[PDB]
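Below you'll find the structure, written out as C-alpha cells, and then a few comments.
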Amino acid sequence: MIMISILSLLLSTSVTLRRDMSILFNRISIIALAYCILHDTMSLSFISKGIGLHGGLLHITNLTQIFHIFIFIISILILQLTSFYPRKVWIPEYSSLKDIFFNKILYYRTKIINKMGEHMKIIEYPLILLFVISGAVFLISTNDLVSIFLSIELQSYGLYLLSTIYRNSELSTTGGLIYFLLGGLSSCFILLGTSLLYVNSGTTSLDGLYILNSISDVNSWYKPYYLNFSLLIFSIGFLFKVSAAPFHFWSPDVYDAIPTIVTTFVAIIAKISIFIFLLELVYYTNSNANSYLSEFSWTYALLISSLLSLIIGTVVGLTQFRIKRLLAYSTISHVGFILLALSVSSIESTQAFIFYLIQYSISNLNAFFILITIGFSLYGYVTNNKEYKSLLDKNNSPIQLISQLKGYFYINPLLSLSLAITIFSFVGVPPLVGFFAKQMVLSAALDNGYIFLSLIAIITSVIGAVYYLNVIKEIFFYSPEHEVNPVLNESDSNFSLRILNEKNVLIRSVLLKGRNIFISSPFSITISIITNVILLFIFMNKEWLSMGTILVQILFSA
Amino acid sequence: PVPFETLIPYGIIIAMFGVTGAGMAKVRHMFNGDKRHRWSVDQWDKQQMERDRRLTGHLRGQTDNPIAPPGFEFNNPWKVXXXXX
Amino acid sequence: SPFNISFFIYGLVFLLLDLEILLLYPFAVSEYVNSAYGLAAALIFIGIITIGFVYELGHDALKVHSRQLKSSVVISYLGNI
Amino acid sequence: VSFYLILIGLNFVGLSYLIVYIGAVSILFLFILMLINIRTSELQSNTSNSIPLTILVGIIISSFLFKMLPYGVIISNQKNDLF
Amino acid sequence: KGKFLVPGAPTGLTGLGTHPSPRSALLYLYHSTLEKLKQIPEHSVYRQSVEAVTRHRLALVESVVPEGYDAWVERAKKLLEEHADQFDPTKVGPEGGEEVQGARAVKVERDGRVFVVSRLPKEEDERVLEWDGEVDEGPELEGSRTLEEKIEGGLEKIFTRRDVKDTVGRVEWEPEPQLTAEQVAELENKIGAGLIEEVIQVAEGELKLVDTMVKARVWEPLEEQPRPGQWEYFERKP
Amino acid sequence: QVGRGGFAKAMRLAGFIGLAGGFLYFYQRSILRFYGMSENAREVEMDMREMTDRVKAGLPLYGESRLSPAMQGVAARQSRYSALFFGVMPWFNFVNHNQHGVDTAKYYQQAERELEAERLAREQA
Amino acid sequence: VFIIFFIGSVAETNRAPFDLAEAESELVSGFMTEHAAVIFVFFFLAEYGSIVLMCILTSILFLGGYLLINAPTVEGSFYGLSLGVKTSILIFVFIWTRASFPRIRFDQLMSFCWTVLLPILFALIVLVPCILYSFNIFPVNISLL
Amino acid sequence: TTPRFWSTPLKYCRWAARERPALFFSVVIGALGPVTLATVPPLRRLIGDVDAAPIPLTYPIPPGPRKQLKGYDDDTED
C-alpha cells in the first residue's frame with residue numbers, strides 16, 4: 001500500500017506544477033497511510049518468531065507489524081503540520097454542527113492563515129516523506145544483508161533530500177550537505193560490515209548467519225571471529241544514524257539548521273526503524289555459553305555508546321541557548337537510556353526497550369508540536385528585543401532561542417503547562433510516562449547486574465534535569481518580552497466575515513479582530529491528547545504494557 | 001550522367017572490407033590446419049577441443065577410432081595457475 | 001558567472017536512466033529461462049522507472065518551454081450626465 | 001579496477017564499471033566541478049600536520065581488517081609456493 | 001460566428017491585436033482630447049486644427065451605434081447611481097482595486113461625458129493558475145517580529161482586502177454591447193484612416209501631443225529670430 | 001483554499017487510493033481464511049469439496065502451469081503468505097503451482113472413500 | 001528502431017544536422033574549430049573512425065551484418081564485401097544528410113532526444129518482449145549460431 | 001484552448017494524437033504490451049498454435065528406480 005501510494009502520488013504530482021495542490025497532496029498522504037495501518041492491522045492474527053517472505057529476502061514478526069503501525073501513526077501526526085493551516089478564525093456564531101456542516105464562512109484568509117507559507121508550497125514534500133517511510137518499514141522487515149543495505153540507503157537518502165528541500169534557505173542546504181557527507185561515511189561502515197559478513201560466511205541471509213553463530217557457540221580451524229568484528233563495524237554506522245555518542249556531532253548542527261517542521265520528522269522516524277532492527281539482531285547473536293565469543297561481543301559498542309551518550313547528552317546540554325540544539329542533546333541522552341535497555345538482553349530490558357521507544361517518540365513529538373504551535377501563535381505579538389531581530393530563517397524556525405519562551409506562561413498559560421509536562425516527562429518525574437520509562441530500564445539493568453551503568457544513568461539524569469529546568473524557568477519565572485500587536489486590536493481595525501448557507505445566500509455579517517484568530521484545531525487536539533497521555537499514564541497502562549510483555553515473550557519463546 | 005569519380009572512394013572502402021574478410025578467413029583457416037575455424041565457442045566446445053588434442057596432438061584433430069591409443073588415460077590436462085581462483 | 005542548471009539535469013537524468021538500462025541488459029540475455037514470471041518483474045521494473053521519466057517530462061527539468069493580444073482594459077460610454 | 005576485473009573473467013561487471021562509473025558518474029562530477037568557481041589555494045590543507053595521524057590510522061585499521069579477509073583474497077599476496 | 005471580431009485576434013499588422021471595445025475607446029480619446037485643448041487660446045491654429053479633425057471624427061464614431069445600446073445605457077446609468085462607491089476612483093483607486101482575481105470597474109469623467117473603465121482577470125489555463133490568480137506577496141512574517149516590519153508587511157491589508165468570493169454589497173458590472181464586424185468595417189470606411197486599431201493608435205498619440213504643445217506654448221511669438229545669413233546657401237542672384 | 005480545479009484532481013487521486021486500499025483489504029479478508037488466521041469453517045468445507053472433485057475427475061489438485069517446475073518453486077516462495085505484507089508491498093499469486101503448504105493426503109482419502117460409496121450405490125440398482 | 005538508431009548514431013558522431021561542435025557560423029559554437037596541427041588530426045581521425053564504426057554497427061544490428069543478399073578465400077571475400085557494401089551505403093546516407101539539412105539548435109536537439117526518441121524507445125521496450133512472450137519466440141540464450 | 005481530458009476524454013485523445021504525437025503514441029505503444037499479453041495467447045490456443053516444450057538445460061535424470069540392466073559387464077571387455 002505504501003508503494004502504490006508513492007507511485008500514485010508521483011503520477012498525480014508529475015503532471016502538475018500548481019503549488020496550491022501541496023496541502024491537498026499532504027492530506028491524501030494521510031489518507032493513504034490510514035489504509036496502510038488497516039492492512040497491517042489485518043496482518044497481526046498469528047504468533048511466530050518470524051515468517052520469511054518474498055523468496056526469503058524479507059520477514060514478518062508480530063514485533064515488525066506493531067512498529068509498522070507505529071511508524072504510520074507518527075507519520076500521520078507529523079503530516080498534519082503540512083496538511084492544515086496553522087491558524088483559524090473562530091466565532092460563537094459559527095460553532096454548531098449545523099454551521100460547520102451546512103453553512104460557510106467567508107473572509108480574507110490569505111494573510112491570517114499564511115496561505116502562501118513556504119511549508120504549504122512544496123508539492124513533492126509529502127512524496128519524499130513517504131519515501132523515507134518506505135525505507136523505514138522495509139528495514140524493519142529486512143531478512144538479508146543486501147536488503148539491509150538497500151533499505152538503509154532508501155531511508156537515509158530521503159532524509160538528506162528532506163533536509164535540503166527548502167532550497168532557498170542557506171541554513172537548510174548547509175544542513176543537507178552536512179548530513180549527506182557524514183551520512184555517506186556512515187553508510188560505508190554498514191556496507192563494509194555487511195560485506196565482511198558475506199566474504200567470510202558465504203551467505204547474505206540473516207537466517208544463515210544466526211545458524212552459523214548458534215553452532216559456533218559451543219562452550220579450531222575456522223574460528224568465527226568475523227561475526228562479532230563485522231557486526232561491530234556494521235553497528236558503528238547505525239550508531240551514527242541514531243546520533244549516539246561519540247558519533248553525535250552532526251545532529252545539533254543538522255537539527256538546528258533545517259526548518260523545525262522538517263526537524264520533527266527527521267529527528268523521530270529514523271531512530272525507531274534502526275533501534276527495532278537492532279533489537280532482533282542483538283537477540284539472535286547473543287551468546288549464551290561464556291566462551292571466547294562473548295568476550296569480543298559487538299554489543300559492548302552499544303554499552304559504551306550508551307555510557308557516552310548519557311554523559312554527552314546531559315553535560316553538553318547545560319550551556320545550549322538555542323532550543324533546537326538542546327532538544328538534539330536531550331535526544332542523545334535518551335538514546336543513552338534506549339541503548340542500555342538494548343544492551344542488557346533480558347526479557348525485562350526488552351520490555352523496557354519497547355516501551356521506552358514508543359513513549360519517547362510520542363513525547364518528543366509533543367515537544368516539537370508545542371514548539372511549532374508557539375511559533376505560529378506569536379503572529380499577533382510583537383517584540384523589540386534586539387537579539388530576536390538578528391535571527392536567521394525566522395520563517396522556517398520561528399522559535400530558535402530558549403529566551404524567546406520568556407514569559408510564555410503569560411501569553412498562553414495552558415500551552416505552557418503542556419510544554420512543562422512534556423519536559424518534566426523527559427526528566428523522569430512521577431507519575432508521568434517518562435518516569436515509568438526510565439524506571440523500567442533501571443530495574444532491568446539492576447536485575448542483570450548493570451549497577452555501574454545504572455548509577456551513571458541516575459547521576460547524568462540530575463545534570464540533564466538542569467537544562468530542562470532552565471527551559472521551564474524562562475516560561476514561568478519571568479514576564480514576557482512579546483507584546484500583543486496594537487494594530488490587531490485598535491478599536492477600529494476590524495476585518496469582515498460573511499456567514500452563508502448551503503445556497504451561498506447571506507445569513508449574517510460579523511466584524512472580527514485579532515482575538516478571533518486562534519490556533520488550528522489539529523495542532524491543539526494533538527497536543528491535548530499526547531499531553532494527557534503523558535500526565536494520565538498511571539490510569540491507562542495495562543494494555544500498553546501488556547502488548548510489549550507479549551511481544552517479548554514471543555521473541556524469547558524457547 | 002553518373003559521376004563515377006565520386007563513386008571511386010566507395011569502391012575503395014568496399015574493397016578494404018573484402019580484403020579484411022578474405023585475409024582473416026585465410027590466415028585463420030591456415031592456423032586451424034587447413035579447415036574452417038570455430039566460433040561461439042562455449043566451455044563444452046573448448047573442452048572438446050582439448051580432448052581432441054590429447055588424441056591427435058592438434059586442437060582441431062579428428063579421429064573416428066573406437067579405441068583410444070595407449071597413454072590416453074594419462075594425458076588429460078590438469079591446468080595449474082598461481083593466483084586467480 | 002553562474003552556470004546553467006540544465007547541464008546538471010542532463011547528466012543526472014542520463015546517469016539514472018543509464019543505470020536502469022544497464023539493469024535490463026541481463027533480462028535480454030536471459031529471456032528464455034525468465035519466461036512469463038521474469039517478464040512480469042521486468043515490466044514492473046520498467047513501469048516504476050517510467051513514472052520517474054513522466055516526472056522528468058511533466059516538470060520539464062530540461063526546460064522544454066524555456067523559450068516563448070488580450071487587453072485588460074474595456075471602456076464603456078454612458079453619455080452626457 | 002575495471003581492467004583487473006575483466007582479466008580475471010568478471011567481464012560483465014568490469015564493463016559495467018566502465019559504462020556506469022566512468023561513463024556517467026565521473027562525467028557528472030567533472031561537469032559540476034568544471035562549472036563551479038574554485039581557487040586551489042582555498043583548498044590546500046597542511047598535509048604534514050596530518051602525517052602522524054595518517055601513519056597511526058594506517059597501522060591500526062590495516063591490522064584489524066586484514067585479519068578479517070578470507071583466504072580467497074590473501075592466499076597469493078605477501079620457496080614453497082601453492083599452485 | 002464572424003459577427004463580432006475577437007479581442008486579441010491578429011489584425012495583420014504585427015503586434016497590433018484586435019481592440020476589446022474599440023468604439024468607446026475612440027470616444028474616450030476624442031473627448032479627452034477636446035477637454036485637454038480647452039487650456040489653449042482660441043487664436044492658436046494648432047488648437048483649431050485638432051478640434052476640426054477630432055470633432056469631425058467624433059461625429060462619425062457616434063454615427064455608428066452598437067445594437068441594443070439604448071437598452072444597455074438605461075440599466076448601466078441606473079447601476080452607477082445605486083453603487084457609486086463601487087466605481088468612484090477616489091475610493092478604489094484608478095485601477096479599480098488590488099484584487100486581480102476579481103473584476104474591477106471605475107467611473108471616470110471626461111469632456112462632460114462619463115466613462116466606465118473595466119478590468120478582468122486574464123483567461124488562463126486552470127492547470128497553471130495558483131489560488132485563482134491571487135498575487136503572491138511571499139509568506140507572512142512568523143516568529144519574533146517588531147511592529148515596524150509588521151506594518152512593512154502589509155498587515156493592515158488584513159482589515160481591508162476582500163475575499164474574491166465575497167460579493168455581498170457589490171454588483172456585477174455589465175459590459176456595453178459591441179459593434180459588429182460589419183459595423184466596424186463600415187465605420188472605419190467612413191473615417192478613411194486605416195483599420196479601427198490604427199485609428200485608435202493615432203488618437204492615443206494625438207492625445208499625448210496636447211500636453212507637449214501646451215508645455216511648449218507653440219502658439220506664441222517666434223522664440224529665436226534667424227540671424228542674418230543663417231539660411232543662405234549658394235543661390236545665384238536672379 | 002485551492003484553485004478552481006484543484007479539488008477535483010485531488011479527489012481523483014484519493015478515489016484511486018481508496019479503491020486500491022479497499023481492494024487489498026477485501027483480498028486480505030478472504031486470504032486470511034486460507035491462511036487459517038481467521039475463522040474459516042465455511043472455507044474449509046468448500047475447499048474439501050472442491051479439491052475432492054478434482055481428484056476423482058483426474059485433474060491436478062492446483063492445475064496446470066506454463067512455468068518450469070523450478071520457476072513454480074520461485075513463484076511459490078514469493079507469494080507464500082505474502083498478503084501479510086500488504087501494508088507495504090502488494091503481491092498476488094497468478095501461477096498454478098503445487099506448493100500450497102498442506103499435506104494433500106486428506107483430499108485423496110475422501111475421494112477414494114466416496115468413490116466406493118458411488119460404487120456400492122451403482123451396484124444396488 | 002533502425003531509424004531511431006541511425007539518427008542517434010548521427011548525433012553521437014557530432015555530425016550534421018547535429019554538428020554544433022564544429023559550427024563556426026553559430027556565434028557560440030565551434031569547439032572543434034580551435035584544434036591545430038596534430039590535435040586536429042587526433043580529433044578528426046577519431047570522428048571519421050566513429051562514423052565508419054557506427055555505420056558498421058548499424059549494418060551489424062539491422063542489415064544482417066556480413067550476410068549476402070566453397071574456397072575459404074572467396075567465402076571470406078564475399079562476407080567482407082557484403083559488410084562493406086552495406087557499410088558504404090550508410091556512409092553515403094551519412095554524407096547525404098549533412099548536405100541536405102540545416103542545423104538544429106542545442107535546446108531543440110536535447111528536446112528531440114528526451115521528449116521524442118526516448119519516450120518512443122521506452123514504449124518499445126515494453127511492447128517488444130510482450131510480443132516475444134505472446135508468440136513463444138523468446139530466443140534461447142545458450143551458445144547457438 | 002487545449003481540451004481537458006477528464007471532462008472530454010475523446011476530444012483530448014484526438015488533440016494529443018495531432019499536437020503531441022510523440023508523447024501520445026508512446027502511451028499507445030506502451031499500452032499495446034499488456035493488450036497483446038491478454039489477446040494473442042488466448043487467440044493462439046484457439047487456432048492450435050501450441051507452445052513448444054522447454055529445451056533441456058540440465059541432464060534429464062529419469063524418474064523412478066533404476067532398471068537393473070544386465071549387459072556390457074566386465075567379462076564383455078576384449
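Identifiers in this document derive from the order of the C-alpha cells: chains are assigned A, B, ..., residues are numbered from 1 separately in each chain, and ligands are numbered from 1 in order of occurrence.
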Q.
When you look at residue 286 of chain A with a cut-off of 8 Å (counting only C-alpha atoms), what residues show up, excluding the ones that are within fewer than 4 positions of it in the same chain? I need them as a ChimeraX atom specification.
A. /A:282,294,345
Could you give me, as JSON, numbers by chain, the residues within 12 Å of residue 51 of chain C, counting only C-alpha atoms and dropping anything in the same chain fewer than 6 positions from it?
{"A": [6, 7, 8, 9, 10, 11, 12, 13, 14, 15], "C": [44, 45, 57, 58], "G": [119, 122], "H": [27]}
Expected answer as a PyMOL selection string: alpha helix (DSSP H) residues in chain G: chain G and resi 2-12+37-62+72-100+106-112+118-134
Write out, as a short mmCIF file (atom, residue, chain, number, x, y, z; two decimals), in the first residue's frame, the residues just selected, with C-alpha atoms.
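What follows is the written file result.cif:
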data_model
loop_
_atom_site.label_atom_id
_atom_site.label_comp_id
_atom_site.auth_asym_id
_atom_site.auth_seq_id
_atom_site.Cartn_x
_atom_site.Cartn_y
_atom_site.Cartn_z
CA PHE G 2 16.63 1.22 -37.04
CA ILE G 3 15.53 4.76 -37.92
CA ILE G 4 15.99 5.95 -34.33
CA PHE G 5 19.34 4.17 -34.05
CA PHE G 6 20.62 5.76 -37.27
CA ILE G 7 19.53 9.21 -36.07
CA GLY G 8 21.20 8.56 -32.73
CA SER G 9 24.39 7.48 -34.49
CA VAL G 10 24.49 10.77 -36.41
CA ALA G 11 24.06 12.76 -33.18
CA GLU G 12 26.58 10.51 -31.40
CA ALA G 37 48.10 20.55 -36.33
CA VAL G 38 48.35 17.16 -34.53
CA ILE G 39 45.35 17.86 -32.25
CA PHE G 40 43.11 18.37 -35.28
CA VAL G 41 44.38 15.09 -36.74
CA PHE G 42 43.60 13.25 -33.49
CA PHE G 43 40.02 14.61 -33.24
CA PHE G 44 39.22 14.30 -36.99
CA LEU G 45 40.55 10.72 -37.31
CA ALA G 46 38.56 9.76 -34.20
CA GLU G 47 35.38 11.25 -35.70
CA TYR G 48 35.68 9.53 -39.14
CA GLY G 49 36.68 6.38 -37.31
CA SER G 50 33.49 6.59 -35.24
CA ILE G 51 31.37 7.39 -38.31
CA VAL G 52 32.59 4.24 -40.07
CA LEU G 53 32.11 2.15 -36.86
CA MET G 54 28.56 3.50 -36.30
CA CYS G 55 27.77 2.52 -39.90
CA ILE G 56 29.33 -0.93 -39.43
CA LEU G 57 27.39 -1.48 -36.15
CA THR G 58 24.19 -0.28 -37.82
CA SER G 59 24.66 -2.84 -40.60
CA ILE G 60 25.51 -5.50 -38.00
CA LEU G 61 22.37 -4.88 -35.95
CA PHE G 62 19.78 -4.20 -38.66
CA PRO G 72 37.89 -20.15 -47.92
CA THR G 73 39.36 -17.10 -49.66
CA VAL G 74 36.27 -16.28 -51.73
CA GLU G 75 33.75 -17.02 -48.94
CA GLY G 76 35.70 -14.61 -46.76
CA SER G 77 35.89 -12.04 -49.54
CA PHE G 78 32.13 -12.15 -50.16
CA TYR G 79 31.38 -11.76 -46.44
CA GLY G 80 33.78 -8.82 -46.26
CA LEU G 81 32.33 -7.31 -49.43
CA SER G 82 28.72 -7.66 -48.25
CA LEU G 83 29.54 -5.94 -44.95
CA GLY G 84 31.44 -3.29 -46.90
CA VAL G 85 28.61 -2.62 -49.36
CA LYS G 86 26.12 -2.21 -46.51
CA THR G 87 28.51 -0.01 -44.52
CA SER G 88 29.30 2.13 -47.57
CA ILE G 89 25.59 2.75 -48.24
CA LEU G 90 25.09 4.04 -44.70
CA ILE G 91 28.24 6.18 -45.07
CA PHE G 92 26.64 7.61 -48.24
CA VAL G 93 23.39 8.34 -46.39
CA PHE G 94 25.51 9.81 -43.60
CA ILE G 95 27.06 12.25 -46.09
CA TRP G 96 23.66 12.69 -47.75
CA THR G 97 22.01 14.10 -44.61
CA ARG G 98 24.86 16.62 -43.91
CA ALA G 99 24.32 18.08 -47.37
CA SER G 100 20.52 18.05 -47.18
CA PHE G 106 21.20 22.85 -28.96
CA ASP G 107 17.98 23.30 -26.98
CA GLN G 108 15.95 21.68 -29.76
CA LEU G 109 18.28 18.70 -30.19
CA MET G 110 18.18 17.96 -26.46
CA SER G 111 14.38 18.18 -26.54
CA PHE G 112 14.28 15.84 -29.55
CA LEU G 118 13.50 8.14 -25.63
CA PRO G 119 9.74 8.05 -24.85
CA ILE G 120 9.20 6.02 -28.03
CA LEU G 121 12.09 3.68 -27.20
CA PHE G 122 10.91 3.05 -23.64
CA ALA G 123 7.46 2.32 -25.06
CA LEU G 124 9.07 -0.14 -27.47
CA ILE G 125 10.98 -1.69 -24.55
CA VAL G 126 7.59 -2.63 -23.07
CA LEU G 127 5.91 -3.81 -26.27
CA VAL G 128 8.64 -5.95 -27.84
CA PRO G 129 9.14 -8.55 -25.05
CA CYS G 130 5.36 -8.79 -24.68
CA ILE G 131 5.16 -9.69 -28.37
CA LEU G 132 8.04 -12.19 -27.96
CA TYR G 133 6.28 -13.91 -24.99
CA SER G 134 2.84 -13.83 -26.70
#
Using only C-alpha atoms, find each residue in chain F having at least one atom no more than 8 Å away from chain E; report its shortest atom-to-atom pair and that distance in Å (one decimal), rows by chain then rising number, as JSON lines.
{"residue": "F:1", "atom": "CA", "partner": "E:131", "partner_atom": "CA", "distance": 7.0}
{"residue": "F:2", "atom": "CA", "partner": "E:131", "partner_atom": "CA", "distance": 5.6}
{"residue": "F:3", "atom": "CA", "partner": "E:131", "partner_atom": "CA", "distance": 4.5}
{"residue": "F:4", "atom": "CA", "partner": "E:132", "partner_atom": "CA", "distance": 6.6}
{"residue": "F:5", "atom": "CA", "partner": "E:126", "partner_atom": "CA", "distance": 6.5}
Restrict the selected residues to N, CA, C and O atoms and save them as a PDB file, in the first residue's frame.
ATOM      1  N   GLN F   1      -8.628  26.038   0.363  1.00  0.00           N
ATOM      2  CA  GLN F   1      -8.384  27.281  -0.365  1.00  0.00           C
ATOM      3  C   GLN F   1      -7.700  27.051  -1.708  1.00  0.00           C
ATOM      4  O   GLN F   1      -7.027  27.944  -2.224  1.00  0.00           O
ATOM      5  N   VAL F   2      -7.870  25.867  -2.289  1.00  0.00           N
ATOM      6  CA  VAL F   2      -7.239  25.539  -3.561  1.00  0.00           C
ATOM      7  C   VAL F   2      -7.970  26.243  -4.703  1.00  0.00           C
ATOM      8  O   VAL F   2      -9.104  26.706  -4.563  1.00  0.00           O
ATOM      9  N   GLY F   3      -7.308  26.309  -5.854  1.00  0.00           N
ATOM     10  CA  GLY F   3      -7.876  26.919  -7.036  1.00  0.00           C
ATOM     11  C   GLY F   3      -9.055  26.149  -7.611  1.00  0.00           C
ATOM     12  O   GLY F   3      -9.553  25.173  -7.049  1.00  0.00           O
ATOM     13  N   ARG F   4      -9.494  26.612  -8.785  1.00  0.00           N
ATOM     14  CA  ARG F   4     -10.768  26.198  -9.368  1.00  0.00           C
ATOM     15  C   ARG F   4     -10.905  24.687  -9.536  1.00  0.00           C
ATOM     16  O   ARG F   4     -11.905  24.095  -9.117  1.00  0.00           O
ATOM     17  N   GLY F   5      -9.915  24.044 -10.153  1.00  0.00           N
ATOM     18  CA  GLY F   5      -9.969  22.619 -10.409  1.00  0.00           C
ATOM     19  C   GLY F   5      -9.078  21.755  -9.547  1.00  0.00           C
ATOM     20  O   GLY F   5      -8.910  20.567  -9.855  1.00  0.00           O
TER      21      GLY F   5
END
Exercise for the section: Write out as a ChimeraX atom specification the residues lying within 7 Å of residue 52 of chain F, counting only C-alpha atoms and excluding same-chain residues fewer than 2 positions away. Expected result: /F:48-50,54-56,107-108,110-111
Writer output for current selection, C-alpha atoms, as a PDB file, in the first residue's frame:
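This is the output file result-v7.pdb:
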ATOM      1  CA  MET F  48     -12.547 -30.050   0.892  1.00  0.00           C
ATOM      2  CA  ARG F  49     -15.419 -30.396  -1.581  1.00  0.00           C
ATOM      3  CA  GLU F  50     -13.744 -28.554  -4.471  1.00  0.00           C
ATOM      4  CA  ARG F  54     -10.681 -32.650  -8.951  1.00  0.00           C
ATOM      5  CA  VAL F  55      -9.052 -35.822  -7.578  1.00  0.00           C
ATOM      6  CA  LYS F  56     -11.747 -38.122  -8.951  1.00  0.00           C
ATOM      7  CA  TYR F 107      -8.048 -34.863  -0.424  1.00  0.00           C
ATOM      8  CA  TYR F 108      -7.237 -38.376  -1.648  1.00  0.00           C
ATOM      9  CA  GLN F 110     -12.108 -38.575   0.833  1.00  0.00           C
ATOM     10  CA  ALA F 111     -12.114 -39.063  -2.935  1.00  0.00           C
TER      11      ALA F 111
END
Hey, could you make a per-residue contact list for chain A against chain D with 9 Å as the cut-off, showing the nearest pair of atoms and its distance in Å to one decimal, counting only C-alpha atoms, sorted by chain and number, as a Markdown table?
| residue | atom | partner | partner_atom | distance |
| --- | --- | --- | --- | --- |
| A:196 | CA | D:68 | CA | 7.1 |
| A:199 | CA | D:70 | CA | 6.4 |
| A:200 | CA | D:70 | CA | 5.7 |
| A:225 | CA | D:68 | CA | 8.1 |
| A:226 | CA | D:68 | CA | 6.1 |
| A:229 | CA | D:68 | CA | 8.2 |
| A:230 | CA | D:68 | CA | 8.3 |
Selection file, C-alpha atoms, as a CSV table (one decimal), in the first residue's frame:
chain,number,residue,atom,x,y,z
A,196,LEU,CA,32.8,-8.7,5.7
A,199,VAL,CA,33.1,-12.8,2.4
A,200,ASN,CA,33.6,-15.0,5.5
A,225,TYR,CA,35.9,-14.0,15.0
A,226,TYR,CA,34.5,-12.3,11.9
A,229,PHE,CA,34.0,-7.9,14.4
A,230,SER,CA,31.9,-7.3,11.3
I'd like the contact shell of segment 12-27 of chain C - 8 Å cut-off, only C-alpha atoms, skipping same-chain residues fewer than 3 positions apart - returned as a list in words.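 Residues meeting the cut-off are residues 8, 9, 30, 31, 34, 38, 42 and 49 of chain C; 16, 20, 24, 25 and 28 of chain D.
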Store the residues picked out above in a file with N, CA, C and O atoms, as an mmCIF file, in the first residue's frame.
data_model
loop_
_atom_site.group_PDB
_atom_site.id
_atom_site.type_symbol
_atom_site.label_atom_id
_atom_site.label_comp_id
_atom_site.auth_asym_id
_atom_site.auth_seq_id
_atom_site.Cartn_x
_atom_site.Cartn_y
_atom_site.Cartn_z
ATOM 1 N N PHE C 8 23.530 20.178 -15.253
ATOM 2 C CA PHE C 8 23.408 19.172 -14.165
ATOM 3 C C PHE C 8 22.226 18.236 -14.472
ATOM 4 O O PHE C 8 22.382 17.028 -14.304
ATOM 5 N N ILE C 9 21.100 18.788 -14.944
ATOM 6 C CA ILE C 9 19.954 17.870 -15.185
ATOM 7 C C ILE C 9 20.311 16.864 -16.282
ATOM 8 O O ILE C 9 19.993 15.691 -16.090
ATOM 9 N N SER C 30 18.583 -13.459 -21.006
ATOM 10 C CA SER C 30 18.052 -14.492 -20.070
ATOM 11 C C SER C 30 16.552 -14.655 -20.292
ATOM 12 O O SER C 30 15.905 -15.283 -19.458
ATOM 13 N N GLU C 31 16.037 -14.167 -21.401
ATOM 14 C CA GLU C 31 14.574 -14.119 -21.648
ATOM 15 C C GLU C 31 13.930 -15.504 -21.627
ATOM 16 O O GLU C 31 12.813 -15.584 -21.116
ATOM 17 N N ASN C 34 13.629 -16.873 -17.983
ATOM 18 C CA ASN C 34 12.798 -15.904 -17.239
ATOM 19 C C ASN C 34 11.359 -16.140 -17.650
ATOM 20 O O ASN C 34 10.514 -16.148 -16.759
ATOM 21 N N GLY C 38 9.682 -13.894 -15.030
ATOM 22 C CA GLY C 38 10.720 -12.853 -15.123
ATOM 23 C C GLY C 38 10.273 -11.644 -15.922
ATOM 24 O O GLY C 38 10.707 -10.541 -15.592
ATOM 25 N N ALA C 42 10.311 -7.653 -14.829
ATOM 26 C CA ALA C 42 10.893 -6.665 -15.726
ATOM 27 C C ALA C 42 9.884 -5.577 -16.067
ATOM 28 O O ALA C 42 10.218 -4.388 -16.060
ATOM 29 N N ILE C 49 10.229 2.870 -13.311
ATOM 30 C CA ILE C 49 11.179 3.857 -13.812
ATOM 31 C C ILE C 49 10.537 4.746 -14.867
ATOM 32 O O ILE C 49 10.980 5.879 -15.085
ATOM 33 N N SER D 16 30.540 -3.004 -16.832
ATOM 34 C CA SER D 16 29.552 -2.167 -16.160
ATOM 35 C C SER D 16 30.220 -0.995 -15.455
ATOM 36 O O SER D 16 29.691 0.120 -15.452
ATOM 37 N N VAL D 20 29.222 2.718 -16.349
ATOM 38 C CA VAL D 20 28.417 3.383 -15.330
ATOM 39 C C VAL D 20 29.221 4.452 -14.603
ATOM 40 O O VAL D 20 28.835 5.626 -14.586
ATOM 41 N N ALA D 24 29.260 7.606 -16.745
ATOM 42 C CA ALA D 24 28.203 8.585 -16.397
ATOM 43 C C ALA D 24 28.453 9.316 -15.065
ATOM 44 O O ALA D 24 28.283 10.536 -15.059
ATOM 45 N N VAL D 25 28.816 8.621 -13.990
ATOM 46 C CA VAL D 25 29.045 9.231 -12.654
ATOM 47 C C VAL D 25 30.212 10.219 -12.721
ATOM 48 O O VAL D 25 30.068 11.329 -12.223
ATOM 49 N N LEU D 28 29.364 13.353 -14.773
ATOM 50 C CA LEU D 28 28.542 14.271 -13.937
ATOM 51 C C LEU D 28 29.428 15.034 -12.944
ATOM 52 O O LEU D 28 29.207 16.227 -12.786
#
Margin query: If we count only C-alpha atoms and set the cut-off at 9 Å, which residues sit around residue 456 of chain A, ignoring sequence neighbours fewer than 3 positions away in its own chain? Please answer as a PyMOL selection string.
Written below: chain A and resi 307+310-311+451-453+459-461
Given a cut-off of 10 Å, which residues of chain H touch chain C, counting only C-alpha atoms, written out as a compact mmCIF listing (two decimals) with C-alpha atoms, in the first residue's frame?
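Contents of selection09.txt, freshly written:
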# COMPACT_ATOMS: atom_id res chain seq x y z
CA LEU H 23 4.02 11.55 -26.29
CA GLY H 30 3.31 1.13 -24.19
CA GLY H 33 2.30 -4.59 -24.39
CA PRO H 34 -0.44 -5.58 -21.94
CA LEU H 37 -0.39 -10.19 -23.35
CA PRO H 54 11.29 -26.11 -22.81
CA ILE H 55 14.58 -27.47 -24.13
CA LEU H 57 19.27 -27.16 -19.82
Excluding residue 506 of chain A and its own-chain neighbours fewer than 2 positions away, which residues fall within 10 Å of it when counting only C-alpha atoms? Please give them as a ChimeraX atom specification.
/A:103-105,498-504,508-509 /E:167-168
